[PDB]
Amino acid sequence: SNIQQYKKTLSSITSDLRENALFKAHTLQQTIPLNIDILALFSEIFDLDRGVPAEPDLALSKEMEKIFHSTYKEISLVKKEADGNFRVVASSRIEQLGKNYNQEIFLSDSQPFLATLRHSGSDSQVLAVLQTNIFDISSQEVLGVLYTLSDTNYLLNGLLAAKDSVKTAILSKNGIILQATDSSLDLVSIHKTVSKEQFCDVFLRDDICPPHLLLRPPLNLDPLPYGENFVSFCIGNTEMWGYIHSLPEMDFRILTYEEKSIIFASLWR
C-alpha cells in the first residue's frame, strides 16, 4: 500500500538518527555510573568501617586533595546529621569543607546510588554528579553520602563531535539542553516555553535559575507524525529533524539531530 511505503521510506531515512542516539546512550551507560568502583577505591584508601567523621576533618581533606585533585573536580564525604541535614565533613575541595549540602544531595535512603549530569553554572562545563550512600555496616542506616563531580568533556567532546555526521544534544529531565554540538543550543528549552521550574534539575543546586536564561527563545520541538520520539525544529533558518532517547536510570535524555535536507538526501544518494 502507499501508506506503508511512505512509512517505510520515512523510517529508513531516519533510522540512523536513532542508531546514533542508542550508541551514544550505551557509551554513557558504560562510562558515567561508576559509583561502585569509586566507592571501592575510596574505601580501599580511607577506612569507612567506623563511619564518616562527625566534624569536618581538614587532615583527611588534605589527603583527599593530594590524591584526587587531578582527576575529580570534587570528591566529598557528606555526613547525614541526626536532624537529617547534610554537611561536608571531608573534601578534595578544601573550600567546600563544612558546607551544608542539603540542596546538593538528591539521593534518597532507599537507593544505593545515583548518577546524573548537571551544568556547573559556568563556562560550558557539564559535570557527572555521582552520589553513593554510605550504609552502616551493622545497621545499614545511611551515615552519609560519597559525592563526586567529574568534568564530562572527555566524553561529551567526542560524542557531540560531528565532523564527517549526526549532531547531539544532552537534555535534562525537564527539557533544558545541557550541551550540544551547536553551542547556541546550550541551556535552551526544547519546549514551546521556558520557565524557571525547568531549571531546578539543571545545576548543582535546586535554587539556581539565572534570569537571563528565561529570555532564550525555546526550540519548540514538534513531534513528527510517524514512529515514536522523532521531532522537528529550526536552528536559525535551518530545519532539523531529530530523535529523543531517554536514559531513565540516569535522569537525562539524548537528542540526536540533523538537517532535514541531509536526512532527505538519503532518498537518492
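The numbering used is simple: start at 1 and walk along the sequence shown.
Novice: If you average the CA temperature factors as listed in the entry, which stretch comes out higher, 206-214 or 232-240?
Specialist: For C-alpha atoms only, the mean B-factor is higher in 206-214.
Novice: Is the mean CA B factor in the deposited entry higher across 184-192 or across 118-126?
Specialist: Per the deposited B-factors, the answer is 118-126.
Novice: Among the candidates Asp151, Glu104, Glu74, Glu141, give the one with the maximum CA B-factor reported in the record.
Specialist: In this record, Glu141 carries the highest C-alpha B-factor of the candidates.
Novice: Among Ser92, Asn133, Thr168, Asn85, where is the Cα temperature factor highest, going by the PDB entry?
Specialist: The record points to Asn85.
Novice: Going by what the PDB entry lists, where does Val78 fall on CA B-factor within its chain: lowest, middle or highest third?
Specialist: According to the entry, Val78 has a C-alpha B-factor in the chain's middle third.
Novice: For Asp222, does the deposited CA B-factor place it in the lowest, middle or highest third of the chain?
Specialist: Middle third of the chain for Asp222's C-alpha B-factor.
Novice: Name the third of the chain's ranked CA B-factors that contains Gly98, choosing lowest, middle or highest.
Specialist: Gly98: CA B-factor falls in the highest third of its chain.
Novice: Is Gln198 in the lowest, middle or highest third of its chain when residues are ranked by C-alpha B-factor?
Specialist: Middle third.
Novice: Please say which third, lowest, middle or highest, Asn20 falls into when its CA temperature factor is compared across its chain.
Specialist: It belongs to the middle third of the chain when residues are ordered by C-alpha B-factor.
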